[PDB]
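Numbering (the working numbering), first residue to last: 1 to 125. Cβ atoms here follow ideal geometry from the backbone N, Cα and C, with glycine treated the same way. Comments concern the structure below.
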Ligand SMILES: Cc1nnc2ccc(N3CCC(C(=O)NCCCN4CCN(c5cccc(Cl)c5)CC4)CC3)nn12
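Here it is, written out as structure tokens:
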């Protein structure tokens with residue numbers, strides 16, 4: 001099976017704005033995660049064809065990745081900083097749903113999540 005289409009990253013019919021918190025999420029939170037040694041499996045959508053994960057999209061129905069998150073932040077897709085935070089937590093959660101405890105991939109997610117939460121705890125008002 002092919003992969004599914006990637007999540008939406010721009011919508012004409014969705015209102016759009018810029019916030020202080022949305023800047024921190026891009027300029028601080030995404031940047032820091034993006035440069036982490038274990039960030040690479042999360043920088044684009046799960047390619048089940050390339051990675052030979054034939055059931056990935058049978059089990060995961062709400063895919064998300066940092067690649068999408070970046071695009072969404074750059075095209076002003078988000079209205080609320082809460083929407084963006086939900087996207088990160090979806091990404092992490094999918095990992096933990098699909099994979100077993102201790103698989104390499106889970107350890108790489110858990111390392112990034114630790115860092116995510118550290119940065120989210122210093123989000124501005
Ligand atoms: C995204 C995503 N969601 N589910 C999956 C399943 C596989 C998958 N890939 C992409 C990455 C592949 C993988 O696990 N590669 C890891 C390389 C091996 N390293 C081994 C050592 N390592 C590591 C990471 C965290 C803690 C510790 Cl101690 C060592 C870093 C990772 C397996 C195939 N991506 N994925």
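Item, Value
"Contact test: residue 116 Cβ vs ligand 3 heavy atom, cutoff 7 Å", "Summarising the ligand content, the structure contains ligand 1 and does not contain ligand 3."
"Proximity of residue 44 and residue 65 at Cβ, strictly below 8 Å", "yes"
"Nearest to residue 28 (by Cα), restricted to the options 70, 89, 75", "70"
"Status (buried if at least 16 other CB within 10 Å, exposed otherwise) for residue 68", "buried"
"Inter-stretch contact (C-beta, 8 Å, three-pair minimum) for the stretch 75-90 and the stretch 12-25", "yes"
"For residue 117 and residue 55, the rounded distance between their alpha carbons", "30 Å"
"Candidates 104, 2, 22, 11: closest to residue 83 by CA position", "22"
"Assumed close pair residue 63, residue 105 - CB separation to whole angstroms, cut-off 8 Å", "Going by Cβ atoms, the distance from residue 63 to residue 105 rounds to 15 Å, so no, they are not a contact pair."
"Sequence-distant residues of its chain with Cβ nearer than 7 Å to residue 123 (five each side left out)", "21, 24"
"When 94, 31, 2 are compared against residue 115, the one with the closest alpha-carbon", "31"
"Buried or exposed (CB count within 10 angstroms, at least 16 for buried), residue 60", "buried"
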